[PDB]
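Here the structure is laid out as structure tokens; the discussion comes afterwards.
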Amino acid sequence: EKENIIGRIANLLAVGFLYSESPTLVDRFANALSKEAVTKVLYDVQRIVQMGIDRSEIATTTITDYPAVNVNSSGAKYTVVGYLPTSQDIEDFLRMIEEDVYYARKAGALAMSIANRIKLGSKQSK
Amino acid sequence: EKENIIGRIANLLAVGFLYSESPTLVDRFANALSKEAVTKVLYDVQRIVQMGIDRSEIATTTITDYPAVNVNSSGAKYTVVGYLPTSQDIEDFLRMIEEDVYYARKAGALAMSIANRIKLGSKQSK
Amino acid sequence: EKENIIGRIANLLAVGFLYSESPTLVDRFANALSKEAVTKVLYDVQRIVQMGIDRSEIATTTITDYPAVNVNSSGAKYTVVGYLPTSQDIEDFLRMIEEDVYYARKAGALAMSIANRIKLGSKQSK
Amino acid sequence: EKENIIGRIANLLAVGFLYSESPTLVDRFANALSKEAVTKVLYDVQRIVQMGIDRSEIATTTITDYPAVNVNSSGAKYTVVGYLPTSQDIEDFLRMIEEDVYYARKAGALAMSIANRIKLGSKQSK
Amino acid sequence: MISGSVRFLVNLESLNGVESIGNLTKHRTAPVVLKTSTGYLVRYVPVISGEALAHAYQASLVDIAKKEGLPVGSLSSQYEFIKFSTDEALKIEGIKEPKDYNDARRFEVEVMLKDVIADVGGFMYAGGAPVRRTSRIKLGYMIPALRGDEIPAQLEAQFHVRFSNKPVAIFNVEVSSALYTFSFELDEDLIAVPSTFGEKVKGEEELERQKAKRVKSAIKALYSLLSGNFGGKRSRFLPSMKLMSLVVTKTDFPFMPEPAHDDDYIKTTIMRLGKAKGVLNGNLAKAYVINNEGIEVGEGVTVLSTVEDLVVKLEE
Amino acid sequence: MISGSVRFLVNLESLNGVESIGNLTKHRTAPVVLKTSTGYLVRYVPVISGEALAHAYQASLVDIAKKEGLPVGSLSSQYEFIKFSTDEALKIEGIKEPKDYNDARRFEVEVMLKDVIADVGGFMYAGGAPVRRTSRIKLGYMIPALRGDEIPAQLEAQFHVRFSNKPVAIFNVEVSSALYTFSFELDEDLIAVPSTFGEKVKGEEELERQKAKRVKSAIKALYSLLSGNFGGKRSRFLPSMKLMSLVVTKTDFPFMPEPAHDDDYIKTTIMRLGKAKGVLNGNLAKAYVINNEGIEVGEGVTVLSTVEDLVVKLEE
RNA sequence: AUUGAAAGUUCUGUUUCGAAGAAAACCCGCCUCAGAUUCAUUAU
């Protein structure tokens, strides 16, 4: 269940990165040394995702069926496979961070891997 | 009991956000650096919820049974699962803020998570 | 499957080394005595690869067909044969490192062998 | 194919010894009782060879045609006849070491024989 | 000997740099082991190398020596402290290389009568007859105080753009804020004294004549380090520094004050100084304390106000 | 005998070095076997050799002996502890080599009346009639505590550049941070006592006269080791050291305190000391404990505050 | 139940003594997130 939480946080970070086209929040998350830095990124990335939801540029979908998130940014279309974190996942993840900030680095490494694979595939198709 | 207070707080902020369709109070709460900013948001969000109660657009309910709050805004119907804070929860939360303003960021992050999940589900339906 | 994961991590390290022209990350990886040092290198090398992807100086290709990665650095062209690691390969590799840091030394030795063979071939053709 | 791998590892050790003018890595390799000691030497010798490649003091050539490696050290010129190991040769050699550390002693004995014959010939010509 | 411990508070800081990745300039970071109520933990914290402090100290010493008429080397006249390591430096300055071991002392004296920097900060010559001279000033890395369970330090990245009327210009800079602490040691009893063993060589009389001036200049040079004139990127990222606590000890025997990690590190070091003087059969032990944070000090301790008073007292 | 166990906390450290590869200076590392809840594992951890500690102790002993008027050897006057191993050292000092076995004792006395270092740290002469003298101080490698499942140690590399106005200058330095522990033993009942069996030889009266001063100097020399004056690269990489726990036992019978690997190693060693005194028919057993981390100690144990008090108590 | 039958080559010993990978060194020199936007029309 800890790995599932970390994977859902990584999906949120990857969606926020692909939508904003900025690595800055993922960099801040993976370099965090305090619960303050982690919590600030968790807010700021969800605030970016909230704007994408309100613009209908971020939407949940299913793809062949697996749960996925479609992201439209600057005329590029990306699809992240998996769920976004729940409020309980954020709370349980913050408790994991209060024990060991290592889990922020693990989620950041996964998020960057998701984003890199999607960006590579999108450039190859173009 | 601290987590239960923070959760009930989240729920109040999420209800106020869904009813007003404005993130401004949650943004102010999560960025607070003083007890003044936190207390001002706690008043302003409860004042918005009070208007929704007087209009019968905000009501307590049970849903399958869990306690919930129904919110009607702009022809959209939302349901937040959980209790609203008591007067004692507000007083105990203000005492927690006087020790560490971190708890306002925690409540803001939870509130935005609740609101985002509800908005995503409502957009998907139909 | 463990050898395939190690080989894909070695390809990532070799691509990062050839693109950055710096052995420092491979040295850190092969000398790691903790999961912290390994995870830090896995982030930093992927961050270097991400810049090369955004600049279109790192791209996936096929070569006669085998999967490959083209790397352009300082007017030199290199081709690494194989796949880059997936997010699952990074996660499974980190689990292997949590059991035995030996696998970081194995991946580092393979990465340096790939880079040395490519650098030797490029100098001979010049 | 096992003898060809051992011979290519012996050529790498001999090139590293002639370039560094130090027997210490060959001594460590021939006295190894664990995979750790063997793998550490395989990295350190390749790191020495990498510096010689970057300085253009180690280069692949053909000599009458047989494949060879030219080594320039302290104004002395040496030529080792044969190929350097591939990444696959290092990996297959490490698998042979995981079965029997005897193969490290065999490669060390061959490497010292190559280096001794070359040093004797170079002193006689002077 | 003069041994000191200093605490500084710096905000919005970037004086030390490391290799850059992409368009990001990184700040030096190091691992630290810290003790909490739950045990021991490992953290990554920004730090500042001591080589920058040494360079600033040597530059200030060069300036003071040039102002006071003391000899300064040709290469060291420009702020390039290669000293006399390579043969090119010897050829430029015009000093013959040592022939055998017995001549080494002579070479040292020839190096020592031309540049005060080589005398104070030491030097190395590698060759047939290597010559070594250890530095007379010792510094260390600048580490924030490891007090309590939370490290009072933070690091972040900042976004910057370059304007242009014809786009065809974006970079990031790392900025840190912390409460730094560092210690230093300087033995003035060996300044202007040859270190290589051998026989007497002509030219030591001039060194004996200039010993007092060299010691005075070396003591004066510490003002730059104690004031805050060190580090790079000062053109656009000038930091805000403020002294908080300073302890200086002058002894005739080896001694090391406590690191500035705990809130109570002045009373402990004063008691340790007294007991060390008692046990080691010393004849001189003085302490000076500058306090601006209202922490415990002790009794019978001289209290100063600024750093210039401390420098004057040390000189006198 | 005096047996001690000491725990230190060191951050941003590089005092011991090994062979270098390329432009990288490496820190000494050793394998350790550690027990976890899943069994036994092998890890590679930075360590510090005991030879540096021995050199620091011998240098401090040389300084103390020179200050107190005790004789010091000509070669040992300079910090070069070749002692009397080779014939060149004997020729420089001016001591005739032993003729046969029966003369060996005489040679030992001649070595023992000229240098206190040979007496305390032992020496060796190889030849027709070899002479041996085991050191009276025993030290070991400095290993971090193997407590729990995670080793509280870390090692990394740091990047440094040398400035030059005409590029034609880059190196790397290894830096470690850990919680070190080490133990030491010193038998003062054999100082200034010949070890080679034989007949009485003129000159033992002087040794008997100087025995008290030699013992006092040997006890005093431990202050440098207990304070933190050891290791190299102190000019630019001065470490931050802080004492955490110290146990010292004085006995008339052989005894070894528990290593500082477990959190509870003071109560155990005190109980073992009491039982060993009971079983071995001893007549003297004293313990001193310095604690700064708030761990369990026991009852009826003398508690000190600093190290100078311990040194004074040991001397008295 | 055999060129088989019947038997210990077993006892006593340290590879021990000693020696710092040490000294010298800057990642520092130049850059702006910038220009444009009404919460007002109806209510004893």
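Every chain in the structure tokens has a letter given in the order shown (A, B, ...), and although residue numbers restart at 1 in each chain, ligands are simply numbered from 1 in the order shown.
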Write down, as a ChimeraX atom specification, each residue of chain B that has any atom within 9 Å of an atom of chain A, counting only C-alpha atoms. /B:30,102,105-106,108-114,116-117,119-121,123-124
With the cut-off set at 12 Å and counting only C-alpha atoms (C1' of nucleotides), tabulate each residue of chain G with an atom at most that distance from an atom of region 18-36 of chain E, showing the nearest atom pair and its distance in Å to one decimal, ordered by chain and increasing number, as CSV.
```
residue,atom,partner,partner_atom,distance
G:26,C1',E:18,CA,11.0
G:27,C1',E:18,CA,5.8
G:28,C1',E:18,CA,11.0
```
Go ahead and save the residues from that selection, with C-alpha atoms (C1' of nucleotides), as a PDB file, in the first residue's frame.
```pdb
ATOM      1  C1'   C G  26      38.124  30.174  -5.615  1.00  0.00           C
ATOM      2  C1'   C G  27      33.538  27.408 -10.057  1.00  0.00           C
ATOM      3  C1'   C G  28      34.180  33.120 -10.882  1.00  0.00           C
TER       4        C G  28
END
```
Determine which residues of chain E sit within 7 Å of chain F, taking into account only C-alpha atoms, and present them as a list in words.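 Interface list for chain E against chain F: residues 18, 31, 32, 33, 40, 50, 51, 80, 135, 137, 138, 139, 140, 141, 259, 275, 276 and 279 of chain E.
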Hey, what's within 7 Å of region 121-128 of chain F if we count only C-alpha atoms (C1' of nucleotides) and toss same-chain stuff fewer than 5 positions away? As a ChimeraX atom specification, please? /F:83-85,133-137 /G:17-18
Let me see the file: selected residues, N, CA, C and O atoms (P, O5', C5', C4', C3', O3' and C1' of nucleotides), as a PDB file, in the first residue's frame.
```
ATOM      1  N   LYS F  83      63.334   5.069  14.734  1.00  0.00           N
ATOM      2  CA  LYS F  83      63.843   4.441  15.967  1.00  0.00           C
ATOM      3  C   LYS F  83      65.222   3.850  15.652  1.00  0.00           C
ATOM      4  O   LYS F  83      66.051   4.523  15.022  1.00  0.00           O
ATOM      5  N   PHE F  84      65.501   2.616  16.065  1.00  0.00           N
ATOM      6  CA  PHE F  84      66.828   2.040  15.883  1.00  0.00           C
ATOM      7  C   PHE F  84      66.756   0.771  15.046  1.00  0.00           C
ATOM      8  O   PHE F  84      67.387  -0.236  15.378  1.00  0.00           O
ATOM      9  N   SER F  85      65.992   0.813  13.954  1.00  0.00           N
ATOM     10  CA  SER F  85      65.790  -0.378  13.136  1.00  0.00           C
ATOM     11  C   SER F  85      66.999  -0.666  12.251  1.00  0.00           C
ATOM     12  O   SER F  85      67.508  -1.793  12.232  1.00  0.00           O
ATOM     13  N   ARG F 133      61.296  -5.229  21.462  1.00  0.00           N
ATOM     14  CA  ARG F 133      60.631  -4.618  22.609  1.00  0.00           C
ATOM     15  C   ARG F 133      59.228  -4.222  22.176  1.00  0.00           C
ATOM     16  O   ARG F 133      59.065  -3.329  21.338  1.00  0.00           O
ATOM     17  N   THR F 134      58.228  -4.890  22.745  1.00  0.00           N
ATOM     18  CA  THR F 134      56.837  -4.624  22.409  1.00  0.00           C
ATOM     19  C   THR F 134      56.398  -3.274  22.967  1.00  0.00           C
ATOM     20  O   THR F 134      56.827  -2.852  24.045  1.00  0.00           O
ATOM     21  N   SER F 135      55.539  -2.592  22.214  1.00  0.00           N
ATOM     22  CA  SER F 135      55.027  -1.298  22.636  1.00  0.00           C
ATOM     23  C   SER F 135      54.190  -1.431  23.902  1.00  0.00           C
ATOM     24  O   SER F 135      53.482  -2.421  24.107  1.00  0.00           O
ATOM     25  N   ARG F 136      54.279  -0.419  24.759  1.00  0.00           N
ATOM     26  CA  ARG F 136      53.515  -0.375  25.997  1.00  0.00           C
ATOM     27  C   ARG F 136      52.165   0.309  25.834  1.00  0.00           C
ATOM     28  O   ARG F 136      51.398   0.373  26.802  1.00  0.00           O
ATOM     29  N   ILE F 137      51.856   0.822  24.647  1.00  0.00           N
ATOM     30  CA  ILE F 137      50.555   1.406  24.346  1.00  0.00           C
ATOM     31  C   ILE F 137      49.973   0.670  23.148  1.00  0.00           C
ATOM     32  O   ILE F 137      50.660   0.480  22.136  1.00  0.00           O
TER      33      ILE F 137
ATOM     34  P     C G  17      53.541  -8.477  16.736  1.00  0.00           P
ATOM     35  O5'   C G  17      54.912  -7.733  17.059  1.00  0.00           O
ATOM     36  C5'   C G  17      55.338  -7.539  18.399  1.00  0.00           C
ATOM     37  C4'   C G  17      56.779  -7.097  18.452  1.00  0.00           C
ATOM     38  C3'   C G  17      57.109  -5.833  17.676  1.00  0.00           C
ATOM     39  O3'   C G  17      56.804  -4.652  18.398  1.00  0.00           O
ATOM     40  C1'   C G  17      58.675  -7.510  17.135  1.00  0.00           C
ATOM     41  P     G G  18      55.662  -3.655  17.870  1.00  0.00           P
ATOM     42  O5'   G G  18      56.458  -2.597  16.986  1.00  0.00           O
ATOM     43  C5'   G G  18      57.386  -1.698  17.583  1.00  0.00           C
ATOM     44  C4'   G G  18      57.830  -0.636  16.609  1.00  0.00           C
ATOM     45  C3'   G G  18      56.702   0.039  15.841  1.00  0.00           C
ATOM     46  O3'   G G  18      57.075   1.381  15.546  1.00  0.00           O
ATOM     47  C1'   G G  18      58.121  -1.085  14.323  1.00  0.00           C
TER      48        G G  18
END
```
Just list as a ChimeraX atom specification whatever in region 89-261 of chain F DSSP marks as strand (DSSP E). /F:123-125,131-133,137-138,143-144,153-161,170-178,180-186,240-251
Tell me, as a list in words, which residues lie within 10 Å of residue 262 (chain E), counting only C-alpha atoms (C1' of nucleotides); anything in the same chain fewer than 6 positions away does not count.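 Answer for this query is residues 145, 146, 147 and 148 of chain E.
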Could you please take those selected residues and save C-alpha atoms as a PDB file, in the first residue's frame?
```pdb
ATOM      1  CA  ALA E 145      24.801  24.521  13.677  1.00  0.00           C
ATOM      2  CA  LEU E 146      23.475  21.001  14.296  1.00  0.00           C
ATOM      3  CA  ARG E 147      21.345  22.078  17.249  1.00  0.00           C
ATOM      4  CA  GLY E 148      18.114  20.383  18.253  1.00  0.00           C
TER       5      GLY E 148
END
```
Would you list which chain C residues are within 10 Å of chain F using only C-alpha atoms, as a ChimeraX atom specification? /C:24,27-28,31-34,36-37,99-101
Keeping only N, CA and C atoms, write the selected residues to a file as a compact mmCIF listing (two decimals), in the first residue's frame.
```txt
# COMPACT_ATOMS: atom_id res chain seq x y z
N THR C 24 31.64 11.61 -13.43
CA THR C 24 31.36 11.84 -12.00
C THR C 24 30.14 11.07 -11.48
N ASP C 27 31.08 7.28 -11.44
CA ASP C 27 31.97 7.10 -10.29
C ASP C 27 31.18 7.04 -8.98
N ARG C 28 30.26 7.97 -8.78
CA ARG C 28 29.39 8.00 -7.60
C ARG C 28 28.53 6.73 -7.51
N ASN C 31 30.74 3.54 -6.66
CA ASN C 31 31.28 3.63 -5.30
C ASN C 31 30.20 3.73 -4.21
N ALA C 32 28.92 3.72 -4.58
CA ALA C 32 27.83 3.84 -3.62
C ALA C 32 27.87 2.73 -2.56
N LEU C 33 27.68 3.13 -1.30
CA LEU C 33 27.56 2.24 -0.15
C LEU C 33 26.18 2.34 0.53
N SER C 34 25.31 3.18 0.00
CA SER C 34 23.95 3.38 0.51
C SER C 34 22.95 3.58 -0.64
N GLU C 36 20.82 5.95 -0.70
CA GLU C 36 20.79 7.40 -0.89
C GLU C 36 21.66 7.84 -2.08
N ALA C 37 22.92 7.38 -2.10
CA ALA C 37 23.86 7.70 -3.17
C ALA C 37 23.39 7.18 -4.53
N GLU C 99 18.35 -4.55 -1.05
CA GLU C 99 18.85 -5.88 -0.68
C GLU C 99 20.39 -5.97 -0.77
N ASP C 100 20.99 -5.48 -1.86
CA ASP C 100 22.44 -5.55 -2.08
C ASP C 100 22.95 -4.44 -3.03
N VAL C 101 23.72 -3.51 -2.47
CA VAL C 101 24.35 -2.40 -3.22
C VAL C 101 25.34 -2.88 -4.31
```
Identify, on the basis of only C-alpha atoms (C1' of nucleotides), every residue whose closest approach to residue 211 (chain E) does not exceed 10 Å; exclude the query and any residue fewer than 2 positions from it along the same chain; express the result as number ranges by chain. E: 188-193, 205-209, 213-217
Give me, as number ranges by chain, all polymer residues having an atom no more than 8 Å from region 14-22 of chain A, counting only C-alpha atoms (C1' of nucleotides) and skipping those fewer than 2 positions away in the same chain. A: 10-12, 24-26, 45-46, 48-49, 52, 69, 71-73, 78, 80, 111-112, 114-115
Output as an MDAnalysis selection string all residues of region 17-125 of chain A that backbone DSSP marks as helix (DSSP H, G or I). chainID A and resid 17:20 24:30 35:54 87:99 102:125
Here CA of residue 3 (chain E) and CA of residue 183 (chain E) stand apart by 7.5 Å
Between CA of residue 286 (chain E) and CA of residue 249 (chain E), what is the distance, to one decimal in Å?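 Between these atoms lies a distance of 5.8 Å.
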Within 10 Å of chain E: each chain G residue with its shortest pair, only C-alpha atoms (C1' of nucleotides), as a tab-separated table:
```
residue	atom	partner	partner_atom	distance
G:22	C1'	E:132	CA	8.5
G:23	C1'	E:132	CA	5.2
G:24	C1'	E:123	CA	4.6
G:25	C1'	E:82	CA	7.2
G:26	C1'	E:52	CA	5.1
G:27	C1'	E:17	CA	5.4
G:28	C1'	E:232	CA	6.5
G:29	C1'	E:233	CA	9.0
G:31	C1'	E:162	CA	4.9
G:32	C1'	E:161	CA	7.1
G:33	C1'	E:161	CA	6.6
G:34	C1'	E:163	CA	8.0
```
Kindly export the residues of the current selection with N, CA, C and O atoms (P, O5', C5', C4', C3', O3' and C1' of nucleotides), as a PDB file, in the first residue's frame.
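Okay, this is what ended up in again.pdb:
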```pdb
ATOM      1  P     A G  22      48.438  11.379   5.365  1.00  0.00           P
ATOM      2  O5'   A G  22      49.659  12.403   5.308  1.00  0.00           O
ATOM      3  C5'   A G  22      49.945  13.284   6.386  1.00  0.00           C
ATOM      4  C4'   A G  22      50.781  14.448   5.916  1.00  0.00           C
ATOM      5  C3'   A G  22      50.057  15.453   5.030  1.00  0.00           C
ATOM      6  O3'   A G  22      49.370  16.441   5.778  1.00  0.00           O
ATOM      7  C1'   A G  22      52.043  14.778   3.963  1.00  0.00           C
ATOM      8  P     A G  23      48.443  17.520   5.034  1.00  0.00           P
ATOM      9  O5'   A G  23      49.480  18.461   4.274  1.00  0.00           O
ATOM     10  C5'   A G  23      50.385  19.282   4.998  1.00  0.00           C
ATOM     11  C4'   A G  23      51.417  19.903   4.090  1.00  0.00           C
ATOM     12  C3'   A G  23      50.876  20.758   2.957  1.00  0.00           C
ATOM     13  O3'   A G  23      50.535  22.070   3.371  1.00  0.00           O
ATOM     14  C1'   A G  23      52.506  19.279   2.109  1.00  0.00           C
ATOM     15  P     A G  24      49.032  22.607   3.194  1.00  0.00           P
ATOM     16  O5'   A G  24      49.061  23.387   1.807  1.00  0.00           O
ATOM     17  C5'   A G  24      49.783  24.601   1.667  1.00  0.00           C
ATOM     18  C4'   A G  24      50.019  24.945   0.217  1.00  0.00           C
ATOM     19  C3'   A G  24      48.775  25.110  -0.642  1.00  0.00           C
ATOM     20  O3'   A G  24      48.185  26.393  -0.510  1.00  0.00           O
ATOM     21  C1'   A G  24      50.339  23.742  -1.769  1.00  0.00           C
ATOM     22  P     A G  25      46.594  26.542  -0.348  1.00  0.00           P
ATOM     23  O5'   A G  25      46.043  26.524  -1.841  1.00  0.00           O
ATOM     24  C5'   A G  25      46.364  27.566  -2.758  1.00  0.00           C
ATOM     25  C4'   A G  25      45.683  27.362  -4.089  1.00  0.00           C
ATOM     26  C3'   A G  25      44.161  27.472  -4.063  1.00  0.00           C
ATOM     27  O3'   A G  25      43.699  27.971  -5.319  1.00  0.00           O
ATOM     28  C1'   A G  25      44.775  25.305  -4.758  1.00  0.00           C
ATOM     29  P     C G  26      42.924  29.376  -5.403  1.00  0.00           P
ATOM     30  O5'   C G  26      41.388  28.970  -5.526  1.00  0.00           O
ATOM     31  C5'   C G  26      40.744  28.230  -4.493  1.00  0.00           C
ATOM     32  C4'   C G  26      39.255  28.476  -4.463  1.00  0.00           C
ATOM     33  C3'   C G  26      38.458  27.842  -5.601  1.00  0.00           C
ATOM     34  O3'   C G  26      37.176  27.445  -5.115  1.00  0.00           O
ATOM     35  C1'   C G  26      38.124  30.174  -5.615  1.00  0.00           C
ATOM     36  P     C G  27      36.618  25.969  -5.414  1.00  0.00           P
ATOM     37  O5'   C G  27      35.869  26.114  -6.814  1.00  0.00           O
ATOM     38  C5'   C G  27      34.501  26.504  -6.875  1.00  0.00           C
ATOM     39  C4'   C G  27      34.287  27.643  -7.843  1.00  0.00           C
ATOM     40  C3'   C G  27      32.856  28.172  -7.922  1.00  0.00           C
ATOM     41  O3'   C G  27      32.879  29.583  -8.124  1.00  0.00           O
ATOM     42  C1'   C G  27      33.538  27.408 -10.057  1.00  0.00           C
ATOM     43  P     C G  28      32.472  30.568  -6.920  1.00  0.00           P
ATOM     44  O5'   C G  28      32.877  32.011  -7.454  1.00  0.00           O
ATOM     45  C5'   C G  28      34.241  32.411  -7.532  1.00  0.00           C
ATOM     46  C4'   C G  28      34.431  33.478  -8.578  1.00  0.00           C
ATOM     47  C3'   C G  28      33.142  34.156  -9.035  1.00  0.00           C
ATOM     48  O3'   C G  28      33.405  35.519  -9.357  1.00  0.00           O
ATOM     49  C1'   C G  28      34.180  33.120 -10.882  1.00  0.00           C
ATOM     50  P     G G  29      32.188  36.562  -9.466  1.00  0.00           P
ATOM     51  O5'   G G  29      32.222  37.041 -10.983  1.00  0.00           O
ATOM     52  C5'   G G  29      33.133  38.045 -11.403  1.00  0.00           C
ATOM     53  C4'   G G  29      33.264  38.090 -12.905  1.00  0.00           C
ATOM     54  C3'   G G  29      31.983  38.316 -13.688  1.00  0.00           C
ATOM     55  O3'   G G  29      31.584  39.677 -13.713  1.00  0.00           O
ATOM     56  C1'   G G  29      33.235  36.583 -14.698  1.00  0.00           C
ATOM     57  P     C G  31      24.496  41.200 -14.643  1.00  0.00           P
ATOM     58  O5'   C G  31      23.442  40.816 -15.775  1.00  0.00           O
ATOM     59  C5'   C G  31      23.085  41.746 -16.795  1.00  0.00           C
ATOM     60  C4'   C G  31      22.068  41.152 -17.738  1.00  0.00           C
ATOM     61  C3'   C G  31      20.680  40.952 -17.140  1.00  0.00           C
ATOM     62  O3'   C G  31      19.693  41.072 -18.166  1.00  0.00           O
ATOM     63  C1'   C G  31      21.593  38.851 -17.728  1.00  0.00           C
ATOM     64  P     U G  32      18.583  42.230 -18.093  1.00  0.00           P
ATOM     65  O5'   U G  32      17.521  41.688 -17.037  1.00  0.00           O
ATOM     66  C5'   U G  32      17.886  41.484 -15.676  1.00  0.00           C
ATOM     67  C4'   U G  32      16.679  41.440 -14.769  1.00  0.00           C
ATOM     68  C3'   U G  32      15.739  40.257 -14.991  1.00  0.00           C
ATOM     69  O3'   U G  32      15.137  39.898 -13.748  1.00  0.00           O
ATOM     70  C1'   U G  32      14.566  42.264 -15.360  1.00  0.00           C
ATOM     71  P     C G  33      14.362  38.501 -13.597  1.00  0.00           P
ATOM     72  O5'   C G  33      12.822  38.908 -13.668  1.00  0.00           O
ATOM     73  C5'   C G  33      11.863  38.034 -14.255  1.00  0.00           C
ATOM     74  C4'   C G  33      11.009  38.747 -15.275  1.00  0.00           C
ATOM     75  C3'   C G  33       9.685  39.302 -14.755  1.00  0.00           C
ATOM     76  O3'   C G  33       9.385  40.522 -15.428  1.00  0.00           O
ATOM     77  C1'   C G  33       9.269  37.770 -16.508  1.00  0.00           C
ATOM     78  P     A G  34       9.450  41.917 -14.634  1.00  0.00           P
ATOM     79  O5'   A G  34       9.627  43.008 -15.783  1.00  0.00           O
ATOM     80  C5'   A G  34       8.501  43.684 -16.320  1.00  0.00           C
ATOM     81  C4'   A G  34       8.467  43.603 -17.826  1.00  0.00           C
ATOM     82  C3'   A G  34       7.088  43.709 -18.454  1.00  0.00           C
ATOM     83  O3'   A G  34       6.671  45.052 -18.615  1.00  0.00           O
ATOM     84  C1'   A G  34       8.253  41.876 -19.398  1.00  0.00           C
TER      85        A G  34
END
```
Length of the CA of residue 97 (chain F) to CA of residue 112 (chain F) vector [Å]: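 Here the two named atoms are 14.1 Å from each other.
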